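What follows is entry.txt (compact mmCIF, C-alpha atoms).
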```
# COMPACT_ATOMS: atom_id res chain seq x y z
CA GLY V 1 -40.96 214.40 125.09
CA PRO V 2 -39.64 215.04 128.62
CA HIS V 3 -39.86 218.54 130.15
CA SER V 4 -37.81 220.31 132.83
CA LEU V 5 -37.96 223.08 135.41
CA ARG V 6 -34.58 224.70 136.16
CA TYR V 7 -33.58 227.49 138.57
CA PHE V 8 -30.11 229.01 138.08
CA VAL V 9 -28.87 230.96 141.11
CA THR V 10 -25.75 233.13 141.22
CA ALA V 11 -24.30 235.22 144.06
CA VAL V 12 -21.28 237.48 143.44
CA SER V 13 -19.33 239.42 146.08
CA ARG V 14 -17.88 242.82 145.13
CA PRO V 15 -15.75 244.21 148.03
CA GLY V 16 -15.85 248.01 148.39
CA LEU V 17 -18.68 248.22 145.83
CA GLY V 18 -21.28 247.30 148.49
CA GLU V 19 -23.25 244.10 149.10
CA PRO V 20 -23.17 241.12 146.69
CA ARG V 21 -24.96 240.88 143.35
CA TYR V 22 -27.74 238.26 143.60
CA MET V 23 -29.67 236.76 140.67
CA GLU V 24 -32.19 233.96 140.15
CA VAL V 25 -33.30 232.81 136.68
CA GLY V 26 -35.93 230.13 136.06
CA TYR V 27 -36.47 228.07 132.91
CA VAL V 28 -39.26 225.80 131.73
CA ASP V 29 -37.43 223.63 129.20
CA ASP V 30 -35.23 226.01 127.15
CA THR V 31 -37.54 229.01 127.65
CA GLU V 32 -36.82 231.61 130.36
CA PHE V 33 -39.97 232.39 132.36
CA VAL V 34 -38.94 234.08 135.64
CA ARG V 35 -36.11 236.30 136.92
CA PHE V 36 -34.89 238.10 140.05
CA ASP V 37 -32.03 240.62 140.15
CA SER V 38 -30.80 242.45 143.26
CA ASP V 39 -29.41 245.32 141.11
CA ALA V 40 -32.87 246.32 139.80
CA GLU V 41 -34.39 249.75 140.58
CA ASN V 42 -36.67 247.99 143.08
CA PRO V 43 -35.89 244.25 143.17
CA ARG V 44 -38.88 241.96 142.61
CA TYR V 45 -39.37 238.47 141.20
CA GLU V 46 -40.87 239.07 137.73
CA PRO V 47 -42.07 237.22 134.60
CA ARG V 48 -39.94 236.79 131.49
CA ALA V 49 -42.62 234.89 129.50
CA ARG V 50 -46.14 236.07 128.57
CA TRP V 51 -47.95 232.97 129.93
CA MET V 52 -46.79 233.86 133.48
CA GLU V 53 -49.38 236.67 133.46
CA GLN V 54 -51.77 233.89 134.57
CA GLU V 55 -50.27 233.91 138.10
CA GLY V 56 -51.82 236.37 140.56
CA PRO V 57 -50.11 239.02 142.72
CA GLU V 58 -49.87 236.59 145.66
CA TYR V 59 -47.58 234.35 143.56
CA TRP V 60 -45.14 237.20 142.83
CA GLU V 61 -45.15 238.39 146.44
CA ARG V 62 -44.20 234.95 147.78
CA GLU V 63 -41.46 234.47 145.15
CA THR V 64 -40.04 237.90 145.97
CA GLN V 65 -40.04 237.08 149.71
CA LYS V 66 -38.27 233.77 149.00
CA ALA V 67 -35.65 235.53 146.88
CA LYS V 68 -35.02 238.18 149.56
CA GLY V 69 -34.38 235.39 152.07
CA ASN V 70 -32.12 233.51 149.67
CA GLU V 71 -30.01 236.60 149.00
CA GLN V 72 -29.25 236.87 152.74
CA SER V 73 -28.46 233.14 152.86
CA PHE V 74 -25.88 233.47 150.06
CA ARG V 75 -24.34 236.56 151.69
CA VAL V 76 -23.70 234.40 154.76
CA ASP V 77 -22.46 231.53 152.54
CA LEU V 78 -19.97 233.87 150.84
CA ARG V 79 -18.67 235.06 154.23
CA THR V 80 -18.54 231.47 155.55
CA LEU V 81 -16.42 230.26 152.62
CA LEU V 82 -13.87 233.05 153.23
CA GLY V 83 -13.19 231.43 156.62
CA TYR V 84 -13.23 227.83 155.33
CA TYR V 85 -10.76 228.48 152.48
CA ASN V 86 -8.78 231.17 154.40
CA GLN V 87 -9.30 233.96 151.82
CA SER V 88 -9.16 237.75 152.25
CA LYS V 89 -12.26 239.97 152.21
CA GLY V 90 -10.83 242.08 149.35
CA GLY V 91 -11.35 239.49 146.60
CA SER V 92 -14.48 238.82 144.56
CA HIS V 93 -16.02 235.34 144.69
CA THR V 94 -18.91 233.51 143.04
CA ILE V 95 -21.46 230.97 144.24
CA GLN V 96 -23.63 229.23 141.64
CA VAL V 97 -26.52 226.82 142.21
CA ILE V 98 -28.56 224.82 139.69
CA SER V 99 -31.79 223.22 140.95
CA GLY V 100 -34.50 221.40 139.03
CA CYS V 101 -36.75 218.48 138.17
CA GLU V 102 -37.65 216.70 134.92
CA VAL V 103 -40.94 215.00 134.03
CA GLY V 104 -41.96 212.68 131.19
CA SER V 105 -44.73 213.28 128.63
CA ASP V 106 -47.22 211.76 131.10
CA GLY V 107 -46.21 214.30 133.80
CA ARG V 108 -44.46 211.77 136.05
CA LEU V 109 -41.06 212.53 137.62
CA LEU V 110 -37.90 211.30 135.86
CA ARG V 111 -35.12 212.92 137.92
CA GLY V 112 -34.36 215.82 140.28
CA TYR V 113 -31.08 217.59 141.03
CA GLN V 114 -29.25 220.34 142.87
CA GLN V 115 -25.59 221.30 142.46
CA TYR V 116 -23.50 224.04 144.10
CA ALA V 117 -20.23 225.50 142.85
CA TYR V 118 -17.72 227.96 144.29
CA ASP V 119 -15.57 230.10 141.97
CA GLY V 120 -16.55 227.84 139.06
CA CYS V 121 -15.61 224.54 140.75
CA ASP V 122 -17.91 221.78 142.06
CA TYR V 123 -18.63 222.33 145.77
CA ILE V 124 -21.50 220.07 146.91
CA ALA V 125 -24.12 218.07 144.98
CA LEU V 126 -27.22 215.99 145.67
CA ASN V 127 -26.94 212.40 144.44
CA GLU V 128 -29.21 210.55 141.99
CA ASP V 129 -31.01 208.91 144.96
CA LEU V 130 -32.06 212.31 146.43
CA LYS V 131 -31.09 211.10 149.93
CA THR V 132 -27.36 211.92 150.22
CA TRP V 133 -24.82 214.56 149.23
CA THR V 134 -21.38 214.43 147.62
CA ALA V 135 -18.65 216.96 148.53
CA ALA V 136 -15.87 218.00 146.14
CA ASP V 137 -13.39 219.05 148.84
CA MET V 138 -12.95 219.46 152.61
CA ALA V 139 -14.79 222.78 152.87
CA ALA V 140 -17.82 221.08 151.28
CA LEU V 141 -17.46 218.18 153.74
CA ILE V 142 -18.13 220.55 156.66
CA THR V 143 -21.27 221.69 154.83
CA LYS V 144 -22.06 218.04 154.11
CA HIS V 145 -22.16 217.21 157.82
CA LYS V 146 -24.32 220.27 158.62
CA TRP V 147 -26.88 219.27 156.01
CA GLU V 148 -26.98 215.59 157.03
CA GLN V 149 -27.60 216.27 160.71
CA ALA V 150 -30.29 218.86 159.83
CA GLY V 151 -32.05 216.57 157.32
CA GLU V 152 -31.75 219.04 154.44
CA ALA V 153 -31.95 216.30 151.80
CA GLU V 154 -35.35 215.23 153.18
CA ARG V 155 -36.83 218.74 152.75
CA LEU V 156 -35.26 219.12 149.30
CA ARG V 157 -36.44 215.69 148.15
CA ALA V 158 -39.99 216.68 149.17
CA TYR V 159 -39.71 219.89 147.14
CA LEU V 160 -38.26 218.17 144.04
CA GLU V 161 -40.57 215.12 144.06
CA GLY V 162 -43.68 217.05 145.14
CA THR V 163 -43.66 220.84 144.73
CA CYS V 164 -41.29 221.11 141.72
CA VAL V 165 -43.22 218.57 139.64
CA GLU V 166 -46.67 219.96 140.52
CA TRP V 167 -45.79 223.53 139.44
CA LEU V 168 -43.96 222.33 136.32
CA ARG V 169 -47.22 220.66 135.22
CA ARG V 170 -49.14 223.86 135.84
CA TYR V 171 -46.59 225.82 133.80
CA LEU V 172 -46.89 223.27 130.98
CA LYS V 173 -50.68 223.65 131.12
CA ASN V 174 -50.66 227.47 131.28
CA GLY V 175 -47.90 227.91 128.69
CA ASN V 176 -49.02 225.10 126.37
CA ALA V 177 -49.28 227.32 123.27
CA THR V 178 -45.65 228.40 123.80
CA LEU V 179 -43.99 225.43 125.54
CA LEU V 180 -45.57 222.55 123.59
CA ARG V 181 -45.23 224.20 120.17
CA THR V 182 -42.82 223.18 117.43
CA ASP V 183 -41.30 225.78 115.10
CA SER V 184 -39.58 224.08 112.17
CA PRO V 185 -36.12 225.14 110.99
CA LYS V 186 -35.74 227.17 107.82
CA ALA V 187 -32.40 226.16 106.33
CA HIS V 188 -30.03 227.43 103.64
CA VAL V 189 -26.37 227.09 102.61
CA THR V 190 -23.87 229.92 102.08
CA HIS V 191 -20.77 229.86 99.85
CA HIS V 192 -17.45 231.36 100.98
CA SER V 193 -14.33 231.48 98.78
CA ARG V 194 -10.90 230.82 100.32
CA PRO V 195 -7.18 230.71 99.45
CA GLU V 196 -5.53 227.66 97.82
CA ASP V 197 -8.59 226.44 95.87
CA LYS V 198 -10.70 225.69 98.98
CA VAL V 199 -14.30 226.67 99.84
CA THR V 200 -16.22 226.99 103.12
CA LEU V 201 -19.80 225.72 103.01
CA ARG V 202 -21.93 226.84 105.97
CA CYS V 203 -25.33 225.31 106.70
CA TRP V 204 -27.71 227.60 108.63
CA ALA V 205 -30.83 226.59 110.58
CA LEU V 206 -33.09 229.43 111.75
CA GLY V 207 -36.24 230.06 113.77
CA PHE V 208 -36.71 226.62 115.32
CA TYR V 209 -38.18 225.51 118.67
CA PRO V 210 -37.36 223.52 120.75
CA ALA V 211 -33.55 223.93 120.84
CA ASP V 212 -32.60 220.27 120.32
CA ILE V 213 -31.36 219.89 116.72
CA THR V 214 -28.69 218.01 114.75
CA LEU V 215 -26.66 219.54 111.90
CA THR V 216 -24.46 217.24 109.81
CA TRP V 217 -22.55 217.41 106.52
CA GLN V 218 -22.17 214.24 104.43
CA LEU V 219 -20.09 213.03 101.49
CA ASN V 220 -21.30 209.89 99.67
CA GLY V 221 -22.92 208.50 102.84
CA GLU V 222 -20.30 209.19 105.52
CA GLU V 223 -20.80 211.93 108.13
CA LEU V 224 -17.99 214.51 108.36
CA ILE V 225 -18.40 214.97 112.13
CA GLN V 226 -14.74 215.53 113.08
CA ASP V 227 -14.11 217.86 110.11
CA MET V 228 -17.08 220.14 110.94
CA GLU V 229 -16.73 223.57 112.54
CA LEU V 230 -19.69 224.32 114.77
CA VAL V 231 -21.50 226.71 117.10
CA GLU V 232 -23.63 225.76 120.07
CA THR V 233 -27.34 226.30 119.48
CA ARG V 234 -28.17 229.87 120.51
CA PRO V 235 -31.27 231.98 121.26
CA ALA V 236 -32.31 234.56 118.65
CA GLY V 237 -34.02 236.95 121.10
CA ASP V 238 -37.64 235.93 120.39
CA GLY V 239 -37.99 232.44 121.95
CA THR V 240 -36.59 230.63 118.89
CA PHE V 241 -33.10 229.23 118.27
CA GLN V 242 -30.45 229.05 115.55
CA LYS V 243 -27.34 227.09 114.66
CA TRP V 244 -24.82 226.69 111.88
CA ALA V 245 -22.31 224.06 110.84
CA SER V 246 -19.54 224.45 108.28
CA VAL V 247 -16.89 222.41 106.50
CA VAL V 248 -14.01 223.22 104.13
CA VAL V 249 -14.09 221.53 100.70
CA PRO V 250 -12.21 221.68 97.35
CA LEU V 251 -13.36 224.08 94.58
CA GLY V 252 -15.76 222.77 91.92
CA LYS V 253 -16.86 219.69 93.90
CA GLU V 254 -19.45 221.41 96.12
CA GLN V 255 -22.51 219.42 94.98
CA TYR V 256 -21.10 216.14 96.33
CA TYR V 257 -21.51 217.51 99.88
CA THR V 258 -24.93 217.76 101.55
CA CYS V 259 -26.26 219.22 104.83
CA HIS V 260 -28.78 217.22 106.88
CA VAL V 261 -31.08 218.86 109.45
CA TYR V 262 -32.86 216.71 112.05
CA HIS V 263 -35.58 218.39 114.12
CA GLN V 264 -38.91 217.29 115.64
CA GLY V 265 -40.63 219.96 113.51
CA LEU V 266 -39.24 218.10 110.48
CA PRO V 267 -41.24 214.89 109.90
CA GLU V 268 -38.56 214.15 107.27
CA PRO V 269 -34.99 215.45 107.79
CA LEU V 270 -33.99 218.26 105.42
CA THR V 271 -31.28 217.70 102.81
CA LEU V 272 -29.64 220.80 101.28
CA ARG V 273 -26.84 220.86 98.68
CA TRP V 274 -26.30 224.06 96.63
CA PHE E 1 -42.06 227.82 142.18
CA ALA E 2 -38.46 228.58 143.13
CA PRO E 3 -36.70 226.93 146.08
CA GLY E 4 -37.36 228.96 149.24
CA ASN E 5 -34.58 227.57 151.43
CA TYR E 6 -30.91 227.24 150.54
CA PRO E 7 -29.38 226.01 153.81
CA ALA E 8 -26.23 227.85 154.86
CA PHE E 9 -22.81 226.26 154.25
CA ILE Z 1 -10.36 229.21 136.77
CA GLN Z 2 -10.57 232.16 134.36
CA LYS Z 3 -12.19 231.78 130.93
CA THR Z 4 -12.43 234.21 128.02
CA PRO Z 5 -15.91 234.74 126.57
CA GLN Z 6 -16.83 233.71 123.05
CA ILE Z 7 -18.73 236.55 121.39
CA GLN Z 8 -21.20 235.86 118.58
CA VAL Z 9 -23.19 238.53 116.75
CA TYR Z 10 -26.18 237.59 114.59
CA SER Z 11 -29.61 238.76 113.49
CA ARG Z 12 -32.86 236.80 113.93
CA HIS Z 13 -33.57 236.80 110.17
CA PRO Z 14 -31.37 236.89 107.05
CA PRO Z 15 -30.73 240.64 106.93
CA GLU Z 16 -32.69 242.74 104.43
CA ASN Z 17 -32.34 246.53 104.38
CA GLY Z 18 -35.45 248.32 105.67
CA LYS Z 19 -37.00 245.25 107.33
CA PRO Z 20 -37.50 245.04 111.12
CA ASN Z 21 -35.12 242.52 112.68
CA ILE Z 22 -33.45 241.56 115.98
CA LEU Z 23 -29.69 241.84 116.55
CA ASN Z 24 -28.18 239.45 119.09
CA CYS Z 25 -24.88 239.45 120.95
CA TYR Z 26 -24.44 236.09 122.64
CA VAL Z 27 -21.58 236.03 125.14
CA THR Z 28 -20.65 232.53 126.32
CA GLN Z 29 -18.23 230.31 128.25
CA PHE Z 30 -16.77 232.95 130.59
CA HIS Z 31 -15.75 233.12 134.24
CA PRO Z 32 -15.86 235.13 136.53
CA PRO Z 33 -19.33 236.74 136.04
CA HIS Z 34 -18.14 240.40 136.11
CA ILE Z 35 -18.53 241.57 132.52
CA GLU Z 36 -19.45 244.74 130.61
CA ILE Z 37 -21.42 244.28 127.39
CA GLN Z 38 -22.29 247.12 125.01
CA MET Z 39 -24.17 246.91 121.73
CA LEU Z 40 -22.95 249.61 119.35
CA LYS Z 41 -24.46 251.26 116.29
CA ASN Z 42 -21.79 253.24 114.41
CA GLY Z 43 -19.65 253.31 117.58
CA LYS Z 44 -22.48 254.75 119.70
CA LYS Z 45 -24.01 252.77 122.58
CA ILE Z 46 -27.48 251.49 121.67
CA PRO Z 47 -29.90 252.78 124.34
CA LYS Z 48 -32.49 250.02 124.99
CA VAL Z 49 -30.75 246.64 125.08
CA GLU Z 50 -32.49 243.72 126.78
CA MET Z 51 -30.31 241.23 128.69
CA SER Z 52 -31.73 237.70 128.77
CA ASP Z 53 -31.01 233.95 128.68
CA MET Z 54 -28.55 234.07 131.57
CA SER Z 55 -27.47 230.55 132.55
CA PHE Z 56 -24.44 228.29 132.90
CA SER Z 57 -23.14 225.03 131.42
CA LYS Z 58 -21.82 221.81 132.99
CA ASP Z 59 -18.37 223.39 133.59
CA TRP Z 60 -20.16 226.31 135.34
CA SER Z 61 -19.12 228.95 132.77
CA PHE Z 62 -21.59 231.73 132.05
CA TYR Z 63 -23.83 232.36 129.06
CA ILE Z 64 -25.77 235.61 128.50
CA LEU Z 65 -27.64 237.19 125.57
CA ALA Z 66 -27.85 240.87 124.69
CA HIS Z 67 -30.42 241.81 122.07
CA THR Z 68 -32.30 244.73 120.57
CA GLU Z 69 -34.79 245.31 117.76
CA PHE Z 70 -33.33 247.11 114.77
CA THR Z 71 -33.62 247.74 111.05
CA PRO Z 72 -30.52 247.31 108.88
CA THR Z 73 -29.43 249.96 106.38
CA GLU Z 74 -26.62 249.84 103.81
CA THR Z 75 -24.45 252.39 105.68
CA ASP Z 76 -24.96 251.54 109.37
CA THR Z 77 -22.47 249.36 111.25
CA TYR Z 78 -23.39 247.28 114.30
CA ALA Z 79 -20.93 245.82 116.80
CA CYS Z 80 -20.66 244.34 120.28
CA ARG Z 81 -18.07 245.59 122.77
CA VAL Z 82 -17.18 243.35 125.71
CA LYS Z 83 -14.91 243.91 128.72
CA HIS Z 84 -13.87 240.98 130.90
CA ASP Z 85 -11.00 240.38 133.33
CA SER Z 86 -9.43 237.69 131.10
CA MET Z 87 -8.85 240.17 128.26
CA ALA Z 88 -5.91 242.55 127.96
CA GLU Z 89 -8.10 244.89 125.87
CA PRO Z 90 -11.88 245.31 125.32
CA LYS Z 91 -12.94 243.04 122.46
CA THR Z 92 -15.13 244.42 119.66
CA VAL Z 93 -16.87 241.89 117.41
CA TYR Z 94 -18.63 243.38 114.37
CA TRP Z 95 -21.76 241.97 112.79
CA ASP Z 96 -20.81 240.07 109.66
CA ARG Z 97 -24.09 240.16 107.72
CA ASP Z 98 -22.75 237.97 104.87
CA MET Z 99 -21.70 235.00 107.03
```
Go ahead and render the structure in this file as structure tokens.
Amino acid sequence: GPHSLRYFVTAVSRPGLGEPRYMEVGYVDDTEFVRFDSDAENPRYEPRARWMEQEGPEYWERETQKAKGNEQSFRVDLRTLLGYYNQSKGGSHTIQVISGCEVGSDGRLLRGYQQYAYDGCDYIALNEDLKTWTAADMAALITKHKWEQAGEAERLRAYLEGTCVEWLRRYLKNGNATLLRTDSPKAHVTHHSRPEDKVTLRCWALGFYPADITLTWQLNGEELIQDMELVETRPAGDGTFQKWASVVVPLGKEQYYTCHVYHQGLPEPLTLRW
Amino acid sequence: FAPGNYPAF
Amino acid sequence: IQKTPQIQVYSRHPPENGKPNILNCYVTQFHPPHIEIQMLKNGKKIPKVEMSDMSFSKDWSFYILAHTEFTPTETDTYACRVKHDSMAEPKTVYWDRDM
């Protein structure tokens, strides 16, 4: 399937409490592999996945130097936006950026993106074409004009189409045993009694990778999608994921309901009943 | 390889 | 824009007393970022908690995982205490091991 390289950046001002909190987190697919945090004892870019041990000390030095530069850039950005939006220095504010590229199974580029947000709202975003920007409001329009007349989209397009894809491939090669693996879900159903003759059936799916999975309850063929209570797939702290889906049913008639689990580690979808 | 230049707003 | 975090507490494996396991506290869909997250064992702060899987969704709200290795016992109680600006009071979600 298609793979992705994502960098999540967040800058948070904290007036009185010093200079802003700055963090960068990188993901190859759903797996975290690099991190930077300004609050660390001594802030460095560092690995979060074992396979990144294959990069030498020159890699980590350059990433750290990049991050140090980016921190200063987002400090300025934070101060700039105070002027633009006419806000006081006493309040805390957040800038978030998501940047990445996605490649197909053959390693060729599918799409690239970068989006900025201020205090949780869309600020400025690169378009599908990778040539132009789109601004959410008038503060972002000022930024839009700065970036057009400096040719920022040209430098970013080069990074996304060239540099981003080339390193993603290397990460997929170096981390193949981790990134290209497939852990199958182990599933089971739990029974939970309730008032007024009802029963909650919960279908669990544990220890699977990658994260993409479908849980569904059925009754005589039809999928109970709207009547399902659900949680978003969630990491289990070891590079695997888990999920559960539940539905309320009448007492005694539990066997007529069935849970179906669709995952790429399951050549045939699981079907559990109780 | 993280982005090395976020241009200022 | 101010969103309350969802707090979910779960182990890596179906819990069995005296078997090494991983307890997770996944805190999701919150804004702003400022947040205090404590993993508790019998009301006492657990010392070595790893913070990981920080990211955000399409609506820009934050997701973050707190987790630690542990071994369940019949008596011990594990919980996750969270403080965030959207809450009137710190929220404590206990680990329901029978869910």
Checklist line | Top pick for closest residue to chain E, considering V:152, V:32, V:238, V:39 and counting only C-alpha atoms | finding: V:152
Check: In Å, with one decimal, what is the gap from atom CA of residue V:5 to atom CA of residue V:205?
Finding: 26.1 Å
Next item on the list: Would you give me, as an MDAnalysis selection string, the residues of chain E that come within 6 Å of chain V, using all atoms listed in the file?
Entry: chainID E and resid 4 8:9
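The two atoms in question, atom CA of residue V:91 and atom CA of residue V:14, are spaced 7.5 Å apart.
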Next item on the list: Take the point (-35.2, 239.1, 116.2) as written in the file and pick out every residue within 8 Å of it, counting all atoms listed in the file; give the list as a ChimeraX atom specification.
Entry: /V:236-238 /Z:11-13,21-24,68-69
Can you write out the residues you just picked, keeping C-alpha atoms, as an mmCIF file, in the frame of the given file?
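And here's part_30.cif as it stands now:
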```cif
data_model
loop_
_atom_site.group_PDB
_atom_site.id
_atom_site.type_symbol
_atom_site.label_atom_id
_atom_site.label_comp_id
_atom_site.auth_asym_id
_atom_site.auth_seq_id
_atom_site.Cartn_x
_atom_site.Cartn_y
_atom_site.Cartn_z
ATOM 1 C CA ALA V 236 -32.310 234.560 118.650
ATOM 2 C CA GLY V 237 -34.020 236.950 121.100
ATOM 3 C CA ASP V 238 -37.640 235.930 120.390
ATOM 4 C CA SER Z 11 -29.610 238.760 113.490
ATOM 5 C CA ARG Z 12 -32.860 236.800 113.930
ATOM 6 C CA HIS Z 13 -33.570 236.800 110.170
ATOM 7 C CA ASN Z 21 -35.120 242.520 112.680
ATOM 8 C CA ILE Z 22 -33.450 241.560 115.980
ATOM 9 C CA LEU Z 23 -29.690 241.840 116.550
ATOM 10 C CA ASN Z 24 -28.180 239.450 119.090
ATOM 11 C CA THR Z 68 -32.300 244.730 120.570
ATOM 12 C CA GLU Z 69 -34.790 245.310 117.760
#
```
Note to self: Let me make sure I understand: among V:273, V:198, V:188, V:260, which one has the smallest atom-to-atom distance to chain Z if we use only C-alpha atoms?
What the structure shows: V:188
Next item on the list: Using only C-alpha atoms, select each residue of chain Z with any atom at most 10 Å away from an atom of chain V, and give the selection as a PyMOL selection string.
Entry: chain Z and resi 1-2+8+10-14+22-26+28+30-34+50-69+98-99
Requested write-out: C-alpha atoms of the selected residues, as a PDB file, in the coordinates of the input:
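Below is the file selection_14.pdb, written as the result:
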```pdb
ATOM      1  CA  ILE Z   1     -10.360 229.210 136.770  1.00  0.00           C
ATOM      2  CA  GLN Z   2     -10.570 232.160 134.360  1.00  0.00           C
ATOM      3  CA  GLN Z   8     -21.200 235.860 118.580  1.00  0.00           C
ATOM      4  CA  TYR Z  10     -26.180 237.590 114.590  1.00  0.00           C
ATOM      5  CA  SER Z  11     -29.610 238.760 113.490  1.00  0.00           C
ATOM      6  CA  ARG Z  12     -32.860 236.800 113.930  1.00  0.00           C
ATOM      7  CA  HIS Z  13     -33.570 236.800 110.170  1.00  0.00           C
ATOM      8  CA  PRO Z  14     -31.370 236.890 107.050  1.00  0.00           C
ATOM      9  CA  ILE Z  22     -33.450 241.560 115.980  1.00  0.00           C
ATOM     10  CA  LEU Z  23     -29.690 241.840 116.550  1.00  0.00           C
ATOM     11  CA  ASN Z  24     -28.180 239.450 119.090  1.00  0.00           C
ATOM     12  CA  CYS Z  25     -24.880 239.450 120.950  1.00  0.00           C
ATOM     13  CA  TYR Z  26     -24.440 236.090 122.640  1.00  0.00           C
ATOM     14  CA  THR Z  28     -20.650 232.530 126.320  1.00  0.00           C
ATOM     15  CA  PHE Z  30     -16.770 232.950 130.590  1.00  0.00           C
ATOM     16  CA  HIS Z  31     -15.750 233.120 134.240  1.00  0.00           C
ATOM     17  CA  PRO Z  32     -15.860 235.130 136.530  1.00  0.00           C
ATOM     18  CA  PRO Z  33     -19.330 236.740 136.040  1.00  0.00           C
ATOM     19  CA  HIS Z  34     -18.140 240.400 136.110  1.00  0.00           C
ATOM     20  CA  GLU Z  50     -32.490 243.720 126.780  1.00  0.00           C
ATOM     21  CA  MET Z  51     -30.310 241.230 128.690  1.00  0.00           C
ATOM     22  CA  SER Z  52     -31.730 237.700 128.770  1.00  0.00           C
ATOM     23  CA  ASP Z  53     -31.010 233.950 128.680  1.00  0.00           C
ATOM     24  CA  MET Z  54     -28.550 234.070 131.570  1.00  0.00           C
ATOM     25  CA  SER Z  55     -27.470 230.550 132.550  1.00  0.00           C
ATOM     26  CA  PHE Z  56     -24.440 228.290 132.900  1.00  0.00           C
ATOM     27  CA  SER Z  57     -23.140 225.030 131.420  1.00  0.00           C
ATOM     28  CA  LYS Z  58     -21.820 221.810 132.990  1.00  0.00           C
ATOM     29  CA  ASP Z  59     -18.370 223.390 133.590  1.00  0.00           C
ATOM     30  CA  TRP Z  60     -20.160 226.310 135.340  1.00  0.00           C
ATOM     31  CA  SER Z  61     -19.120 228.950 132.770  1.00  0.00           C
ATOM     32  CA  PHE Z  62     -21.590 231.730 132.050  1.00  0.00           C
ATOM     33  CA  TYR Z  63     -23.830 232.360 129.060  1.00  0.00           C
ATOM     34  CA  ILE Z  64     -25.770 235.610 128.500  1.00  0.00           C
ATOM     35  CA  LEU Z  65     -27.640 237.190 125.570  1.00  0.00           C
ATOM     36  CA  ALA Z  66     -27.850 240.870 124.690  1.00  0.00           C
ATOM     37  CA  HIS Z  67     -30.420 241.810 122.070  1.00  0.00           C
ATOM     38  CA  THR Z  68     -32.300 244.730 120.570  1.00  0.00           C
ATOM     39  CA  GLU Z  69     -34.790 245.310 117.760  1.00  0.00           C
ATOM     40  CA  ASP Z  98     -22.750 237.970 104.870  1.00  0.00           C
ATOM     41  CA  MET Z  99     -21.700 235.000 107.030  1.00  0.00           C
TER      42      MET Z  99
END
```
Check: Which residues, protein or nucleic acid, reach to within 10 Å of (-20.3, 241.9, 117.1) in the file's coordinates when using all atoms listed in the file, and can you give that as a VMD selection string?
Finding: chain Z and resid 7 to 10 23 to 26 38 to 40 77 to 82 91 to 96
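If you look at atom CA of residue V:261 and atom CA of residue Z:19, they are 27.1 Å away from each other.
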As JSON, what would the box around stretch 220-236 of chain V look like: edges along x, y and z, 3 Å added on every side, centre and edge lengths in Å to one decimal?
```
{"center_x": -23.2, "center_y": 221.5, "center_z": 110.5, "size_x": 24.2, "size_y": 32.1, "size_z": 27.6}
```
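Neighbouring residues of residue V:258 at 9 Å or closer, counting all atoms listed in the file and skipping chain neighbours under 3 positions away, are residues 216, 217, 218, 219, 220, 254, 255, 271, 272, 273 and 274 of chain V.
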Pull C-alpha atoms from the residues just selected and write them as an mmCIF file, keeping the file's coordinate frame.
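Wrote out.cif, looks like this:
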```
data_model
loop_
_atom_site.group_PDB
_atom_site.id
_atom_site.type_symbol
_atom_site.label_atom_id
_atom_site.label_comp_id
_atom_site.auth_asym_id
_atom_site.auth_seq_id
_atom_site.Cartn_x
_atom_site.Cartn_y
_atom_site.Cartn_z
ATOM 1 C CA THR V 216 -24.460 217.240 109.810
ATOM 2 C CA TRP V 217 -22.550 217.410 106.520
ATOM 3 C CA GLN V 218 -22.170 214.240 104.430
ATOM 4 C CA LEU V 219 -20.090 213.030 101.490
ATOM 5 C CA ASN V 220 -21.300 209.890 99.670
ATOM 6 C CA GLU V 254 -19.450 221.410 96.120
ATOM 7 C CA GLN V 255 -22.510 219.420 94.980
ATOM 8 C CA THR V 271 -31.280 217.700 102.810
ATOM 9 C CA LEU V 272 -29.640 220.800 101.280
ATOM 10 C CA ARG V 273 -26.840 220.860 98.680
ATOM 11 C CA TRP V 274 -26.300 224.060 96.630
#
```
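With distances restricted to only C-alpha atoms, V:1 is the closest residue to residue V:104 from V:1, V:252, V:265, V:221.
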Margin query: What's around residue Z:74 at 12 Å? Count all atoms listed in the file, leave out sequence neighbours fewer than 4 positions away in its own chain, and write the answer as number ranges by chain.
Written below: Z: 15-19, 78, 97
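Using only C-alpha atoms, the shortest contact distance between residue V:172 and any of V:105, V:53, V:46, V:83 is found at V:105.
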File contents for stretch 235-250 of chain V with C-alpha atoms as a PDB file, in the first residue's frame:
```
ATOM      1  CA  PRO V 235      -1.698   3.121  20.122  1.00  0.00           C
ATOM      2  CA  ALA V 236      -0.983   0.532  22.832  1.00  0.00           C
ATOM      3  CA  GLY V 237       2.503   1.839  23.719  1.00  0.00           C
ATOM      4  CA  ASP V 238       4.539  -0.770  21.798  1.00  0.00           C
ATOM      5  CA  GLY V 239       4.027   0.124  18.108  1.00  0.00           C
ATOM      6  CA  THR V 240       0.745  -1.814  17.803  1.00  0.00           C
ATOM      7  CA  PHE V 241      -2.852  -0.554  17.880  1.00  0.00           C
ATOM      8  CA  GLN V 242      -6.235  -1.432  19.365  1.00  0.00           C
ATOM      9  CA  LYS V 243      -9.902  -0.633  18.896  1.00  0.00           C
ATOM     10  CA  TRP V 244     -13.310  -1.648  20.150  1.00  0.00           C
ATOM     11  CA  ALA V 245     -16.867  -1.343  18.910  1.00  0.00           C
ATOM     12  CA  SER V 246     -20.030  -1.983  20.904  1.00  0.00           C
ATOM     13  CA  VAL V 247     -23.788  -2.187  20.454  1.00  0.00           C
ATOM     14  CA  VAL V 248     -26.765  -2.571  22.811  1.00  0.00           C
ATOM     15  CA  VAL V 249     -29.017  -5.615  22.234  1.00  0.00           C
ATOM     16  CA  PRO V 250     -31.954  -7.404  23.940  1.00  0.00           C
TER      17      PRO V 250
END
```
